[PDB]
Ligand SMILES: CC(C)COC(=O)CCCC[C@@H]1SC[C@@H]2NC(=O)N[C@@H]21
Ligand SMILES: CC(C)COC(=O)CCCC[C@@H]1SC[C@@H]2NC(=O)N[C@@H]21
Ligand SMILES: CC(C)COC(=O)CCCC[C@@H]1SC[C@@H]2NC(=O)N[C@@H]21
Ligand SMILES: CC(C)COC(=O)CCCC[C@@H]1SC[C@@H]2NC(=O)N[C@@H]21
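Chains as they are written, first to last, in the deposited numbering: chain C, 14 to 134; chain D, 16 to 135; chain A, 14 to 134; chain B, 16 to 135.
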């Protein structure tokens, strides 16, 4: 919880501002340093609020639809990963970014990637 | 529209409400895996989609913990809603399990689900 | 082995002509019905030449680099999946399509998708 | 450029010859999982890449059967070679295991490896 709540950045310089509720909610804003995007976008997601005790990381995920007041890229990214607490805390994720497409173009609708988030404060 | 009760090819049940400002909320019930009864989901969708006939982009997350079970895992679906006579939500998903560092290389499954308003 | 070798088609109408060697090699050509592609492209791959007997599918994979005499899309696709035998023979796959990019565009280098192949028939 | 011995962040060993007309041939040794010693690999790469500073697209496959073990699985790596002072091969990979029809939804692992001339 307090481990996850805070501000994180990935290797691209994007900014991930998240609040982890005691229920398992993730709420916050995302600012991508790249792509058809500017300023902050609403995010929401979920996380395992009772993780395993064997030293495993905490599973989690969240979504951003790339519409705000400034731009709309008609697409959405989901990040799926785990929080790994400790000396060098991090959120290791893989993501899927789907753009709305016509049916003829559906085969190329989805980008796949990976972001590593590390935390300040 | 998006709000409704959807089923995928596995027989899983996706009950979702689309807010006017882009929020998705509801419950997910998986017919397979370490899962039982309903799980909370949240997500986002493009509340002002293109008019060129493109689908509506969206995504949502389920953390696989409820009062019945906890698989220490989370799935995210990324895809698009495609309107028409037979509405469909086409998705690909990433399912990540909490692992020790030794096992992180095998933390994540990938797959694809297609959702329809047709019951198993 | 005698199952995999053949001409397959996927849901896009692409043509996968493959030969499975006794040793585990896959060789042949791929013709995509969509994208920056025309005519046949060389593929190479591997498959499990001693599969389990519990009813599990046969694991396999292959690569096409999208360069031939006709075009060069500066891209490569890998299909990873399994062959499921029978009269209802199919190869179920997911794929990763990576394009060569500059460092600035690396985050968006890779598409992900899924193809299902069946025969003719 | 590509021809040589590479290592990823797991300590796995990627020995590859890149042919002039686009073949990749070599052996792979994974430092993790149900595997031991070297496995045959084969793949393809763009033998006439763009000159705009873009990387060189490539891919290869390993079937996890050798003389020592058989994991009834196959991994494909998809990525690009980036030449230069910090030369590397950046990939994402898909690992499918043979499954029964009922377990097909969980047949495929997804991940990412970065290969350098350095080992960890
Ligand atoms: C490529 C294009 C057609 C898709 O639309 C966007 O640019 C929306 C912005 C996506 C930013 C991605 S989301 C995943 C990746 N991580 C980040 O921090 N930023 C990137
Ligand atoms: C390691 C893994 C096997 C453990 O996690 C779970 O079984 C939780 C349940 C996951 C169900 C998946 S979510 C993606 C796929 N779609 C569905 O409707 N059901 C499946
Ligand atoms: C950025 C991208 C659009 C450029 O690369 C190509 O179009 C090369 C051709 C890709 C064809 C893909 S390979 C995966 C999918 N399955 C098929 O049979 N055909 C499609
Ligand atoms: C059920 C499955 C986990 C069994 O398959 C294997 O362990 C075969 C070995 C796979 C090693 C993977 S291939 C992708 C990843 N990168 C590496 O260098 N090593 C890992």
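For every residue, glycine included, the Cβ atom is placed at its ideal position computed from N, Cα and C.
Do residue i and residue j have their C-beta atoms within less than 7 Å of each other?
| i | j | result |
| --- | --- | --- |
| residue 2 (chain D) | residue 60 (chain C) | Nothing about residue 2 (chain D) can be reported from this structure: the residues present for chain D run from 16 to 135 only. |
| residue 93 (chain C) | residue 112 (chain C) | no |
| residue 17 (chain C) | residue 96 (chain C) | yes |
| residue 123 (chain D) | residue 55 (chain B) | no |
| residue 32 (chain A) | residue 40 (chain A) | yes |
| residue 63 (chain C) | residue 85 (chain D) | yes |
From residue i to residue j, what distance separates their C-alpha atoms?
| i | j | result |
| --- | --- | --- |
| residue 101 (chain A) | residue 24 (chain A) | 15 Å |
| residue 72 (chain A) | residue 53 (chain A) | 24 Å |
| residue 36 (chain D) | residue 19 (chain C) | 24 Å |
| residue 108 (chain B) | residue 49 (chain D) | 25 Å |
| residue 38 (chain C) | residue 28 (chain D) | 21 Å |
| residue 134 (chain A) | residue 26 (chain D) | 30 Å |
| residue 105 (chain C) | residue 15 (chain A) | 42 Å |
| residue 130 (chain C) | residue 30 (chain C) | 11 Å |
| residue 110 (chain B) | residue 51 (chain C) | 35 Å |
| residue 90 (chain D) | residue 70 (chain A) | 25 Å |
| residue 34 (chain A) | residue 65 (chain A) | 18 Å |
| residue 81 (chain D) | residue 81 (chain A) | 53 Å |
| residue 45 (chain B) | residue 46 (chain A) | 35 Å |
| residue 103 (chain C) | residue 103 (chain A) | 41 Å |
Tell me, to the nearest whole angstrom, how far the beta carbon of residue i is from that of residue j; I am working on the premise that it is less than 8 Å.
| i | j | result |
| --- | --- | --- |
| residue 75 (chain C) | residue 58 (chain C) | 3 Å |
| residue 115 (chain D) | residue 67 (chain C) | 7 Å |
| residue 135 (chain A) | residue 132 (chain A) | The structure shown does not extend to residue 135 (chain A), since chain A is modelled only from 14 through 134, so no value can be given for it. |
Indicate, with yes or no, if ligand 6 has a heavy atom lying under 6 Å from the CB of residue i.
| i | result |
| --- | --- |
| residue 14 (chain C) | With respect to ligand 6, the structure shown offers nothing to examine, as its ligands consist of ligand 1, ligand 2, ligand 3 and ligand 4. |
If we require 3 or more residues per run, which beta strand (DSSP E) segments fall completely within the segment 53-78 of chain A? 54-60
Please list, following the chain, all residues that have a C-beta closer than 6 Å to any non-hydrogen atom of ligand 3. C:120, C:121, A:23, A:25, A:27, A:45, A:47, A:48, A:49, A:50, A:79, A:86, A:88, A:90, A:108, A:110, A:112, A:126, A:128
Pick out the complete alpha helix (DSSP H) segments inside the segment 79-116 of chain B, 4 residues or longer, and give them in chain order. none
Enumerated in chain order, which unbroken segments of the beta strand (DSSP E) with a length of 3 residues or greater are wholly contained in the segment 23-57 of chain A? 28-33, 38-44
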